[PDB]
Structure formats: structure tokens, C-alpha cells
Amino acid sequence: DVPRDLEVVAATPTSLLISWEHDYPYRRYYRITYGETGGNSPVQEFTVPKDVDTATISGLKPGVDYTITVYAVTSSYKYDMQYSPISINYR
Amino acid sequence: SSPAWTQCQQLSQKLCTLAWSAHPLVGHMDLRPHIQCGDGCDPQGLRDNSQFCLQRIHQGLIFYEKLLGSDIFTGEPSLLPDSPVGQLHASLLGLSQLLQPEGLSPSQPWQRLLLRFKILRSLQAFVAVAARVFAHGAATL
Amino acid sequence: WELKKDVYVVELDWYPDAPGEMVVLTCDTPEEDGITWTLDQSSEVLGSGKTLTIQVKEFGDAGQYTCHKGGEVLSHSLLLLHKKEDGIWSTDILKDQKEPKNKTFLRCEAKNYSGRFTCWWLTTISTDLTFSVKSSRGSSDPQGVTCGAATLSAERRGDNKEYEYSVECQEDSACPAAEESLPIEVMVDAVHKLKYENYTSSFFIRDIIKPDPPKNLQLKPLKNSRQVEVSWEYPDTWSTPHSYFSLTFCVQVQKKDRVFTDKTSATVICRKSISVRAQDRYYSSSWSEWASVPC
Ligand SMILES: *[C@@H]1O[C@H](CO)[C@@H](O[C@@H]2O[C@H](CO)[C@@H](O[C@@H]3O[C@H](CO)[C@@H](O)[C@H](O[C@H]4O[C@H](CO)[C@@H](O)[C@H](O)[C@@H]4O)[C@@H]3O)[C@H](O)[C@H]2NC(C)=O)[C@H](O)[C@H]1NC(C)=O
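Residues numbered from 1 in each chain as written, not as in the entry; some residues may be left out. Chains lettered and ligands numbered in written order. Heavy atoms only, no water. Residues with missing side-chain atoms left out of burial classes, pairs and counts.

Per the deposition metadata, X-ray crystallography was the technique used to determine this entry, at a resolution of 3.25 Å.

Right, let's talk about the overall build of chain C for a bit. Of regular secondary structure, chain C possesses one helix and 26 strands. Over its C-alpha trace chain C gives a radius of gyration of 27 Å, far above what one expects of a compact globule, namely 19 Å for 295 residues. Along the first, second and third principal axes, the C-alpha atoms of chain C reach 100 × 45 × 35 Å. (Helix = DSSP H or I, 4+ residues; strand = E, 2+ residues; numbered from the N terminus. Rg over C-alpha atoms; globule rule 2.2 N^0.38 Å.)

Glancing now at the overall build of chain A. Counting its regular elements, chain A contains zero helices and seven strands. Helices and strands appear in chain A in the N-to-C order β-β-β-β-β-β-β. For 91 residues, the compact-globule estimate of 2.2 N^0.38 gives 12 Å, and chain A sits close to it at 13 Å. Summarising its shape, the C-alpha atoms of chain A cover approximately 40 × 25 × 25 Å along the three principal directions. Restricting the contact set of chain A to residue pairs at least 6 apart, pairs at least 24 apart contribute 59%. (Contact = heavy atoms within 4.5 Å.)

Further remarks concern the packing of aromatic side chains. For the ring pair C:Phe260 and C:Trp287, a centre distance of 6.0 Å and an interplane angle of 45° mean the geometry is tilted. An aromatic cluster of three or more residues is present, and its members are A:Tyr24, A:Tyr26, A:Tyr83, B:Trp20 and C:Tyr283. Positioned above the aromatic ring of C:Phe204 is the side chain of C:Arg206, whose terminal nitrogen or guanidinium carbon lies 4.3 Å from the ring centre. (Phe/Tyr/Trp six-rings, centres within 6.5 Å; stacked < 30°, edge-to-face > 60°. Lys NZ or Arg CZ within 6 Å of the ring centre and 35° of its normal.)

Residues and elements named next belong to chain C. Across the sheet, which stays open at both edges, the three strands sit in the order β20-β21-β24 with antiparallel pairing between neighbours. In the strand order of this sheet, the two ends are held by β20 (215-221) and β24 (265-268), each with one partner. Between one strand axis and the next, the sheet turns through 20° on average, direction left out of account. As paired elements, β20 and strand β21 (residues 228-233) share five bridges and run antiparallel to each other. Bridge pairing in β21 links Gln 218 to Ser 231. (Pairing = 2+ DSSP bridges. Axes fitted to C-alpha atoms, helices over the stretch in contact; angles between N-to-C directions.)

Turning our attention to the interface of chain B and chain C. A common measure of how large an interface is: the accessible area buried when the components associate. Each side of the interface is counted separately: chain B has 26 residues, and chain C has 19 residues. Residue assignment for the side of chain B that touches chain C shows that the elements contributing at least two residues are α1 (5-21) and α5 (109-140) of chain B. No other element matches α5(B), which puts 14 residues into the side of chain B that touches chain C. Partitioned by chemical class, the residues of the side of chain B that touches chain C number 16 nonpolar, seven polar and three charged. (Nonpolar A, V, L, I, M, F, W, Y, C, P; charged D, E, K, R; others polar.)

To continue, consider the state of the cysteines. Each sulfur of the disulfide joining B:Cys37 and C:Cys175 lies 2.0 Å from the other. Measuring handedness by torsion sign, the sulfur bridge of B:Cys37 and C:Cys175 sits at about 85° and is right-handed. Of this pair, B:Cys37 sits in the loop between α1 and α2 (43-48) while C:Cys175 sits in the loop between β17 (163-171) and β18 (184-192), which puts the two residues in different chains. With a sulfur-sulfur separation of 2.1 Å, C:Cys108 is cross-linked through a disulfide to C:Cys119. Between C:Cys108 and C:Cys119, the S-S torsion sits near 105°, and that sign places the bridge as right-handed. Placement of the pair is C:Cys108 in strand β12 (residues 107-109) and C:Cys119 in strand β13 (residues 116-123), with a sequence separation of eleven residues. A disulfide-free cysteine, B:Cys8 has its sulfur positioned 11 Å from the sulfur of B:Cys53, the nearest such atom. You can see C:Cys250 has no disulfide; the closest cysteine sulfur is in C:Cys295, sitting 15 Å from it. (Disulfide = S-S within 2.5 Å.)

Moving on, we come to the sheet that holds strand β2 (residues 12-13) of chain C. Residue and element names in this part refer to chain C. Strands sit in the order β2-β9-β10 across an open sheet of three strands; the sheet is mixed. Both outer strands of the open sheet, β2 and β10 (88-89), are each paired with one neighbouring strand and no more. Note: strand β9 (residues 83-85) against β10, two bridges, orientation antiparallel. Residue pairing across strands places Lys 84 opposite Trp 89, the latter belonging to β10.

Glancing now at the pairing of strand β19 (residues 195-203) of chain C. All names here are of chain C. Where β18 meets β19, nine bridges bridge the pair, whose relative direction is antiparallel. Residue pairing across strands places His 192 opposite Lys 195, the latter belonging to β19. Where β18 hands over to β19, the hairpin turn is made up of two residues, of which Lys 193 adopts a positive phi near 60°.

Here we take up the domain arrangement of chain C. Residue and element names in this part refer to chain C. Structurally, chain C comprises domain 1 (1-83), domain 2 (102-208) and domain 3 (212-294). One C-alpha centre belongs to domain 2, the other to domain 3; they are set 31 Å apart. Between domain 2 and domain 3, the contact holds eight residues from the first and nine residues from the second. (Domains from an automatic or database assignment.)

This paragraph deals with unusual backbone geometry. Trans is the prevailing form of peptide bonds, just as negative phi is the prevailing case for residues other than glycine. At the junction of B:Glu76 and B:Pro77, the peptide bond is cis and its omega measures out at -5° in the coordinates. Among the secondary structure elements, B:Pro77 is positioned in the loop between α3 (51-68) and α4 (85-99). The linkage connecting C:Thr240 with the following residue, C:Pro241, adopts the cis geometry, with an omega of 0°. Checked against the element boundaries, C:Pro241 lands in the loop between β21 and β22 (247-253). Residues other than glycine seldom take positive phi values, yet C:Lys98 does so here, at roughly 55°. Along the chain, C:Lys98 falls in the loop between β11 (94-95) and β12.

Take the packing of α1(B) against α5(B) next. All names here are of chain B. Orientation of α1 relative to α5, taken along the N-to-C sense of each, is 155°, at an axis distance of 8 Å. As far as their axial angle goes, α5 and α1 are roughly antiparallel. Read as a crossing pair, α1 and α5 show a hand that is left-handed. Taking contact as the criterion, the partners of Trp 5, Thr 6, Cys 8, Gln 9, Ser 12, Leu 15, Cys 16, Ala 19 and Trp 20 in α1 are, on α5, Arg 121, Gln 124, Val 127, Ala 128, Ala 130, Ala 131, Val 133, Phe 134, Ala 135, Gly 137 and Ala 138. (Parallel < 35°, antiparallel > 145°, perpendicular 65-115°, else oblique. Left-handed = near helix turned anticlockwise from the far one by under 90°.)

Looking now at the pattern of salt bridges. Two side chains carrying opposite charge are able to pair once their charged atoms lie near each other. Notably, a salt bridge pairs C:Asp207 with B:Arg121, separated by 2.9 Å at the nearest N-O pair. Of the two residues, C:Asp207 is situated in helix α1 (residues 205-208) and B:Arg121 in helix α5; the pairing between them involves two chains. For the salt bridge of C:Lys215 with C:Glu233, the shortest nitrogen-to-oxygen distance reads 3.8 Å. Taken together, the residues C:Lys215 in strand β20 and C:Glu233 in strand β21 connect sequence positions 18 residues apart. Connected through salt bridges with shared partners, the residues A:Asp5, A:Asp23, C:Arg258 and C:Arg277 form a single ionic network. (Salt bridge = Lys/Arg side-chain N within 4 Å of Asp/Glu carboxyl O.)

Rendered as C-alpha cells:
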């Protein structure tokens, strides 16, 4: 997980400040999800407007690998263009 | 006789850009006239005889300019200031003119919003075919 | 309903109460003598006569029903159960991918405009699973698409114990340059032991395109200039001719410093690292994975 396009800018023992680059102008807004890498926890999510490329993920747990994913939401139609998600694993 | 391949390539590329520049749908969501193989818009077909393909492209462009200038698009609910429909329409006109210079009803507003999405999706597919045609023609003819 | 020769699917509204459906099985024989019926490996006679009426409520009611006469086996029928819970058909077998969107069980991708694509799905289950894949373009006057056999493709300690299956399909009469009119439909029959489930996906190839990364990425020094010439090639799998199926590229040195180009070359200042990705020039679809070279 060496090069980046979604990255952790800042971090505390209970949080992560993430950042990413806009790549699909046909986006409506972004969807962020996060949960323990092992996937034994539920995966929490929130949305961000189209023009925002930064976020804070609070209340995390130390010594816990977290998989953070970001999606460029277009719509949810059977035939609308659906872009691939981008993610990283942290701590 | 030369349909100005380079200018057509540049215009068709801009049409592709415009068509994907903005998402059509609003705060709105839901889950649920084509260039065919026989139309000769494939490389081998453009090689032999390009007039067939270009006539099919011209007809498609006129088809979309008519839809974009219709009450589906003009009129309520009014298009947002970020809509590329204005520019798309002008570019469709621009291109149709370079090809041949010399010379099904909206009712409820929720139905126009969905129709606009559908037309624009179909337009994206069409313009991409046209862009590949003009790029290949520019490079090989 | 019949899912293949001698294999039946029941359809049950699954609730803790459930009266569970009356099913009439018919012995395949001419007929009306000393016929008896058994279920699975049990010798227990369930009934006699050309037909047997079963109250199908649980998996204990499914399995192989066999009819017999004069010490001979006459016919056998396998019953599977398709559960409908709170009005929705079960999806216990496959895990939801959530990748392009939510409730996403099947994920399909195409590397080019040839009518060839791949579909994949995930499961927690390793044993007694069978899948069958079918596909067509359109529903009405369906046009053929041929799929290969479904196969394990990856297996990724217990918390993260997941199996990935895949299938490759090819549209029978594909025309890569054409504007698609009707979508491709994909259907997966999943059977775990005596439990039946079905999954489906619908899409246009243009929408599932994701090119492979650019190839032969290279750095070439420039003469009376002190920056490098970055060069690369279209991937081998991409559709040809490239003069028609054009790509666009993104060059990144490591916001971080990014350049966009339709050319297969760019000139950058390599510090002490350079990445390139590709996308269809005219439609859009997903950007390819990055290709990197160290500065
Ligand atoms: C995915 O899952 C669904 C749910 O299980 C499944 O739908 C079922 O498929 C069968 C066949 O397509 C349906 O049966 C049909 O409907 C009626 C009643 O059965 C009839 O018109 C037909 O049945 C047969 O009847 C006779 C034999 O009993 C014969 O004359 C002849 O063989 C007929 O075919 C017809 O097949 C069944 O009703 C649906 N279920 C629902 C809820 O409607 C679907 O097929 C699955 N997909 C795949 C790829 O298998």
C-alpha cells in the first residue's frame, strides 16, 4: 500500500485526518466507510459533498488496523456509471 | 468532400468531455437511433466507404440537438446553472454543421428529470462512437 | 419449479410459524401399482401410490425422493429449498461486496470492448457449494453470451476466511465499435447443500470497462535539459485499433503534482516515484490501476 491517492494527513490515538484527490467529475458526492481490517466490526460510514476532499474519522481504537474506503457516488441506477472504490489500511 | 477530420475530432472530443462534466440527476435517486454493426462505423468499414458512417453520425447529432432544444430540457424544473446542456447543444449544432453545411412528450416534472438523465446517458454513448470515428479518420484518412 | 433434469426448487415463505407448502410428487412410470416412496438414505416408507404429498417446511423435508416397485427403483427427484424471508429471497450464500455500490453481490469488469468480461463473487462457505452461470444480451429476443465454468479464483487465521469465485463470459456476436442498445444480464444459480439461491446483475459493457495499467513504463534522460522523458505503452489487452479506441493518461510524481495527457509520453522533473494510469478517452469509465517507476 506504498504509493497514494487517498492518504492519512494527520492522526491521533483515536482519530485520522484523511485526504484524497478528485478523479471523476461525474461524481455527485463521496461516501467514506471505515472498520477494523479483520472485518469483525460493522463498517461505519458518512458522506461528503462533491467539492470536499478531506475528512476526520474520530473515536477510533489504538493498535487497531482500520480499512478506510472512499467512493465517488454518481447515483444508484441499474445502468448509471459506477466508479471503483479506493481504500487504505491504517494502524 | 474532406469532412475536416481534425476539426471534427477536436469537436467530438469536447462533446465527450462536456457529456461527462456534470452528473445529470439532482437530489433525486432510483434503481429502476443507434450506430449498429451494419452502419460501417468500425475501422474496416470506415476504410472502404466513410459516407455511410458520417450520414449515420449526422442523423444522430440532429436527433440529440432536437431533444436538447425540446420542452424536456427547456422549462420546468429549470436546469441548474452548472448544467452543461447549453454548451452540449451548441456543440451538437457546431458539429452537425461541419458534416453538412449547405441546405415521447414531457408532462410531470419528476418525469422530465428522469428523461433528461436517460437522454444524456444515451448521448454519452453516441458521442463516444463519433469521437472514435473522427479520431481514426483523422489518423488514417 | 424444475432447475434441471430431476432437480426441483420449492419456494417457501420462511418464518418461525410457517405452514410450509404442500408439494405433490409423481412417480415417473406407467403406473398405478405397488409403488412406495422413501427420502434420502432412510428405509422409512413415506407413502405408496403413483403420487406422494409432502408438507415441505424444513430442510428435513428436502433431499432425494425415490419411488420403488417390486424391489426396483423407478424414479428419483431432488428437492431444494428457496427461502423468502420477510418478502425477500435469501442471499445467505454470497457476501455483499459493497464495491461499486451497496447490496452488490456480483461484480463484473471488462478490460476492453471485445465482448469478453469477468464476474466474481464472495463467500464465507468453502464446502458443498455449486454455481451455475448463464448470460444473454437482452431478455426479450435474448442474444447469446457464453460463460465458462465458475471457479475458485482466490482464498483470503479465520476472521478474514473468504473465498472468491469468478467466471469469464464472451458475447457470441460482439461488435466492439457499436453503441450498445440492450444490457447484458448475468444470472448465478447458487446451491449450498439443499439450499437454493439466485443472483443477478445487469449492465452495458461500456459501463464496466477498466483498462489494464499502461505498459513498458520508462524514464529517458533529456539532453541540454535536466528533467526526464517519461514514456509508456497502451496495455496489450486494450481494444485495437488504438486510433479508434483512444486512451487518456494521468502522470503523477510522488495535489502531489499531477499532469494529464493523451500522449504516451510526458516530461517531468524526477527528484531522488513516477506513476501513470489510463482511462477511455471518450466515455469515461474507471481509471486503470497505477503503473510505477522509481525516480
Ligand atoms: C431465480 O429464482 C426464481 C425463484 O426461484 C426462479 O423463478 C421460478 O422459475 C420457474 C421457471 O422459470 C417458474 O415457473 C414457471 O411458472 C409457472 C408455474 O411453475 C409455469 O408457467 C411454468 O412451470 C412449468 O409447469 C409445468 C411443470 O410443472 C410444465 O408445463 C412446464 O415445465 C412449465 O415450465 C414456468 O416454468 C417459477 O414460478 C419461478 N418462481 C416465481 C417466484 O415466479 C428463476 O427461474 C431463477 N432463475 C434461474 C436462472 O433459474
